[PDB]
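Trainee: So that we are looking at the same thing, I have put the structure below in structure tokens.
Here the Cβ is made from the backbone with ideal geometry for all residues, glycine too, and neighbour counts use every protein chain on show. We did not get these values from a lab; they are worked out from the coordinates using the rules stated.
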Protein chains: 2
Amino acid sequence: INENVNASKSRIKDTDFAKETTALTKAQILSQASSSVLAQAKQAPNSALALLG
Amino acid sequence: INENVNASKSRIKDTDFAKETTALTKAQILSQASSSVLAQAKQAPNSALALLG
């Protein structure tokens, strides 16, 4: 019973490194990508002023 | 009667060394097999960590 309890006390509490790491990598790429979009968004006001000296 | 009751007081109490030895041997391979499986199941967590840097 105790062994099956320990098996039961996993995938409910104990994480799996397979899907956890991939979700982490997707999250890291998401943060890196979105932060790069910030850089391309800072220049929009610059063009919004360049037309008038 | 004493000779006969001594025969009756054997295979009731006295063990035959033939089948007892084989049962002892079978247990020895059983323990050795499980201990080797122990060392083999030790790295099951290790493989999970191997997929992350």
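Trainee: Per-residue mean of other chain beta-carbon atoms within 10 angstrom of the beta-carbon, peptide A:17-25?
Mentor: Values: counts 7, 3, 0, 2, 5, 2, 0, 1, 1.
Whole-number average of other-chain Cβ neighbours for A:17-25 is 2.
Trainee: Taking 2.2 N^0.38 Å as the expected size of a compact globular protein, what ratio does the Cα radius of gyration of chain A give against it, to two decimals?
Mentor: Its radius of gyration relative to the 2.2 N^0.38 Å reference: 2.35.
Trainee: Next up: Residue by residue, what Karplus-based ³J(HN,Hα) values in Hz, rounded to whole numbers, does the range B:4-18 have, using 6.51, -1.76 and 1.60 with θ = phi - 60° and x for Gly and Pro?
Mentor: Listing the rounded values in order: 6, 5, 6, 5, 5, 7, 6, 6, 9, 10, 5, 8, 7, 5, 6 Hz.
Trainee: Count neighbours as other Cβ atoms within 10 Å of each site's Cβ, and list the trypsin sites (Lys or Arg not before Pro) in chain A that are DSSP loop with at most 10 such neighbours.
Mentor: Passing sites in chain A are A:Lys9, A:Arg11, A:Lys13.
Trainee: Continuing with the same structure: May I ask for the Rg/Rh ratio of the protein assembly as shown, computed from Cα atoms with Rh as the Kirkwood radius, given to two decimals?
Mentor: 1.59
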